[PDB]
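Report on one structure; see the data block that follows.
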Amino acid sequence: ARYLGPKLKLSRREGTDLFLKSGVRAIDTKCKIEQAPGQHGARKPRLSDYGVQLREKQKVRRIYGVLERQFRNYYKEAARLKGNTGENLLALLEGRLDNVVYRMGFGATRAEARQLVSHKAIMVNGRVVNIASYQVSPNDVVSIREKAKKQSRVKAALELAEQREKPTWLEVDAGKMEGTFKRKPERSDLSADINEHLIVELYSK
Amino acid sequence: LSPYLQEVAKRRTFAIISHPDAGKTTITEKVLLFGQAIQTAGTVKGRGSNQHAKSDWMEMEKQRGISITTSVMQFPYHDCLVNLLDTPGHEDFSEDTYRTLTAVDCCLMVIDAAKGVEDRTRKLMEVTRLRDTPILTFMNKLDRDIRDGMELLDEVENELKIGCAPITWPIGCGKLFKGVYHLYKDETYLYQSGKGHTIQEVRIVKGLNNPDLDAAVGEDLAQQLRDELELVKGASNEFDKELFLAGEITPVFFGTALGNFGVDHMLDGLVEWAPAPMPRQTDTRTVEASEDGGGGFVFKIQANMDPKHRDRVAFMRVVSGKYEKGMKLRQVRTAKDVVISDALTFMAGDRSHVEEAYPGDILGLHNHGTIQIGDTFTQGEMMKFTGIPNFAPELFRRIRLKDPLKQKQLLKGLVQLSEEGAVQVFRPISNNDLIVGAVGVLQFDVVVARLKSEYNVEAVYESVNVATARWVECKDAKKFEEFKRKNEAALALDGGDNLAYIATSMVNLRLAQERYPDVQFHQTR
Amino acid sequence: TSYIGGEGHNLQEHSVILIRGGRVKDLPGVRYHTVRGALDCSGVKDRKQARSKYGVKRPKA
Amino acid sequence: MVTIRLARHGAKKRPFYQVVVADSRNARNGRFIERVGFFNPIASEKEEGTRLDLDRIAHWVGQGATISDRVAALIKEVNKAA
RNA sequence: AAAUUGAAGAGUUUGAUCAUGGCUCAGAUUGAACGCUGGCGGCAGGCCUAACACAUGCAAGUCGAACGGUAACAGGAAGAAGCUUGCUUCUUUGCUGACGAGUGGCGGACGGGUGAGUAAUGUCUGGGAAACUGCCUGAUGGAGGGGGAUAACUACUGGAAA
RNA sequence: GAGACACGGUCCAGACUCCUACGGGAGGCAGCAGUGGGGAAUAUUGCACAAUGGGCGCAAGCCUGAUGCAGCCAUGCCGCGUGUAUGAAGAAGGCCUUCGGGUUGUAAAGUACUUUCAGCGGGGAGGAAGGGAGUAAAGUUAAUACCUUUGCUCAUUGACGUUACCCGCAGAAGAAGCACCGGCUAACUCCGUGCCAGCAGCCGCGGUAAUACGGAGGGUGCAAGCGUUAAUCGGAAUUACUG
């Protein structure tokens, strides 16, 4: 239920960096980011409209590591909820436990954050929570376990987290290794390069 | 010192292999009476008593006179429990007897003295020497005319190719029969039929040379007995416990089933000589019989007992551990735990019965085909038992299948029969043909009869073909592929997805064997 | 009538096969396909792609 | 006769009983005349694991309905706590 | 306060075009089957066809607080004897704890299975009048005095058994 | 019988199966498992009345294949895992080549970290409310007896069961496959075959330079599932009431 292949391949196919690595090293120094993977990568074939919608959907799905079945459930839930479908879907995706752990900087990559959640090292409201897909709600405080609080990778990720922009919907205390999800992130806080309207019309044929 | 240890030590397993019309069933009945399970014993065909032999549960004694179905009876002796295995013996069958022989720790061969050792016994003895199993020789029907003891001993030793040692020596032949033991104690039966029905009175008199005994029996017989006895001592080696264990020498006891005399003596000797069960060897490691944890293998499976509903019973020897009712026993082959809700044991006596089965006791398990021959049930260990004979079939006949439909019915019946050891089915890779082979002609006849009886197909057969089965295994890579391409037509798949070379002629097999030496041709799978 | 897919077959008369439906556009009157790998019809030999459609076990390395 | 009993309406290993007024001949989870409450046997704290419409229950007992042993104990518990 | 938020087309007639018009596909879904592969857990589901035939086990009993009774256990009372001087072996007494069989009350019309038959004698929606209803519940009162049987059982007897 | 024209009740006739001393009897799984048979195809001859409910009983209690559970099946839905971070000598090998190189490719090897799930050992809720013995009080009566109701004390009641869950140990080990790549439709090249073998849901490829067959490399979509088939609706405004 997890993609176990090369991570940079996905980034090359999408053209941009999907943040699948820590970010300590320059992306260009590890891959040919502007070139699609494989033997016939040099050519840039003219993509169809269905193609650009599918590419955007796959781009988001690979960004957050979600699979198709889970993603379609997320879309159904978002469509069911009140308001803008795209904002609801982005909020639902952003409400995942491992995603919030990555935003708080406990894990360098989202895959590392997911392994952290799954390996019983995170506690939501003091209770141990193991499910990577756990939806967190407003005013919830999340923290590392006492046993896992001495891991080198956690601090190694916290220092790296400073290089990236700080989320305005979270409050993290790097000393005690705790954060607080006070509200669901507004679209203006999210990266504007994602055209979520493509996904919301791709899935509603 | 512990009770389980004492019980495994007391348990003994012995099987009887006999020639046609040798009185094995009658002997079995006598054994139960001596063991005290039954107060009275009845001869086959009800010649002297109303009761019938225990071994012949069915009507086989009236139909032919020999047991056609395998029977296991457990009887208790003096501070010991003995497991008795009865196997039908014929050239036509044989393979089933070999499976039973592999499972049983020790074996006894019963032959009527007049009929002799002559045929099928050498083959049985050969399988026992291959496993180095201890063998006991029992002479039968002493009430009838009996040939010279020295001559009988020499001929049986000559056919067997193993040393023959006589525990009991006959001083009488024909109408009057008496015998003498190695301890010099003389056992006599005054009443031929008077004590036959009940337990025979134990009138054994100490001292080889006794004047009253000499006067009572023939004087000439006593003198001849003394000369024959000293000559036997010099000519043939005295019984050695180690040699018997090794299988080098076989103990011989002379007894009469009809007379009911000598069977008790044989039982006493067999119980002292017989040892506690040897550790069986699994492919992973040898498993100790004493060690806890339930380990067993199914030597034989009986099917189609009831026509309307099929209730397969699997005879399994639990080599290690003690069975408990409702215990979950892991099947190694399927890698799954099966609860043994129902397990049939044979008390064979006037006892209440107990659910718990000790190690070395045969257990029948009811199933719908779930259990298969050679399956291993273990408490938790992933160990697969070894030693199943799986001999090659001969005189193969193709199944024509005149009616195009009912093939799935035929296929289900053929695979089920193939799962048991009665018949082996081979399919050539080149063409879609079904060829069925069995070790014996009457085995084919039984298979065809059973198939018609419950799987109810036309089963047209005997289409002309000539074949011999040799299983082919090659460890080397890139050589076996060449062998397959060279003789694809000859090669045929066998059950269990095993590749077997089919030889038109023995000479063809020899030529095939000389060519491609890296590839190994195995008679037994 | 049923079309026997794949390259090469061991099918002779009196063989029990399994038809599954699906016509071939370019044959008049053939409307069904026989599944490869069911009760007697062996799979297509030396097939390494689209193996599931013709019933061949995975080749062990 | 008319009885007031429990209807097992829940998932495996996590039961939840619905206190219903049913004709005693009918099945446990089957036909009932009126539903008068629930009982969650495994409920945690801060949430009501039992609520009974005592007015209707009293009305049915006045109408001749009998009461089960477990239903009697639950009414006893509710009246003792409240 | 909420209880809804909802609608994509494409290929293919022609040298090329527009329209009419059929075929096919992308989507969702199943009591599913087959082919390849296969690690764990949670919640559901599993004869759709032959309402074709069923071996074996269980699936309706209970009440001695309705009644004669003891067929077994297990205690007591009269005892009797090996008398270890206290009840070990044995005769009675249903006297008690209970109870095989029988009479009697209640339940076998509930629970559970299937959709053959039935196109309306059924089902769903909504009205009625000419009705009964053990066990549960409210009121008003009765509950007196007799009789002849019959199982169980005893004796004989038919039948291989029922 | 209150309630049946009554699955495990009665009688008769018919077909079937069984016992027989041949005179005569017994039975009806479309109850739970379970067997032949039909079919593409559908499970265990399991444990317990511990909970809910039903029958009888004043009650203790007895019966319940209803029911609660367990066994098999990826049959469906959902969650998790098969590692994570760093790592250019862009390693070797495969494939393509304009012979310059490109691609598989941070993928692997190496370095550091983690032990989820499976394995081993230890602890441990809840589904259990009741019911039975002793009291104490109240109501009834001549009665402080007997019975009923409510408090308190005492031992107790789990098939699941090695429960869920939690803690500790060793080690990246024990865990990735399926379909497709001419257009519809996201994803392209080389080699063998020459209207043959073959593909196909439609248009249509292949007749000795095939992005359409078969194999390899690469890629695309899904993922403990993936394709194909059967069946219904949609697209079909192609029965149009809306239209």
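All values below were derived from every heavy atom in this structure, side-chain atoms included, with hydrogens, water molecules and symmetry-related copies excluded. In what follows, chains are A, B, ... by sequence order, proteins preceding strands, each numbered from 1.
Regarding contacts with the backbone of E/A8, every side-chain N or O of A/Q53 stays at 4.0 angstrom or more from both OP1 and OP2. Distances shorter than 4.0 Å separate none of the side-chain N or O atoms of A/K59 from OP1 or OP2 on F/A186.
Note on C/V56: only backbone sugar-phosphate atoms sit closer than 4.0 angstrom, heavy atoms only; bases stay farther off. Here D/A11 lies in heavy-atom contact (under 4.0 Å) with sugar-phosphate atoms only.
Ion pair A/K44/A/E34 not flagged as a salt bridge, since none of the NZ, NE, NH1 or NH2 atoms sits closer than 4.0 Å to an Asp/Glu carboxylate oxygen. A salt bridge is absent between D/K80 and D/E77; no separation between the charged side-chain nitrogens and carboxylate oxygens falls under 4.0 Å.
In this structure, CD1 in D/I4 is found 9.5 Å from CD1 in D/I33, a value given to the nearest 0.5 Å.
When the P atom of E/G41 is taken as reference, atom NZ of D/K13 falls 15 Å away, rounded to whole Å.
With sequence neighbours left out, A/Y3 forms a ring pair (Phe, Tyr, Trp, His ring centres under 6.0 Å) with no residue at all.
Under the 90° criterion around 0 for the glycosidic angle, E/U89 counts as anti.
Between F/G79, E/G111, F/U84, one nucleotide has an atom nearer to the side chain of D/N26 than all others, and that is E/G111. Checking E/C34, F/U82, F/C117 against every side-chain atom of C/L18, the shortest atom distance belongs to E/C34.
The torsion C1'-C2'-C3'-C4' is the criterion here, and for F/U20 it is positive, giving a north pucker. The pentose of F/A164 belongs to the north class of puckers. Its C1'-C2'-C3'-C4' angle has a positive sign. From the dihedral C1'-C2'-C3'-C4', which is positive here, one reads the pucker of F/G57 as north, toward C3'-endo. When the pucker is read from the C1'-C2'-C3'-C4' torsion, the sugar belonging to F/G119 turns out north, on the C3'-endo side.
Under the Watson-Crick and G-U wobble criteria, each requiring two contacts below 3.5 Å, nucleotide E/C156 is left unpaired. F/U189 and F/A216 make up a base pair, with Watson-Crick or G-U wobble contacts both under 3.5 Å. Nucleotide E/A120 has no partner under the Watson-Crick or G-U criteria, as no pair reaches both atom distances under 3.5 Å.
Checked against C/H33 for a side chain to side chain contact (heavy atoms under 4.5 Å, CB included), the options C/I19, C/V24, C/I4, C/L18 give a single hit: C/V24.
Here A/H119 packs flat against the base of F/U116; its ring centre is closer than 5.5 angstrom to the base's six-membered ring, tilted by less than 30 degrees.
Between F/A48 and F/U67 there is a Watson-Crick or G-U wobble pairing whose two distances both come in under 3.5 Å.
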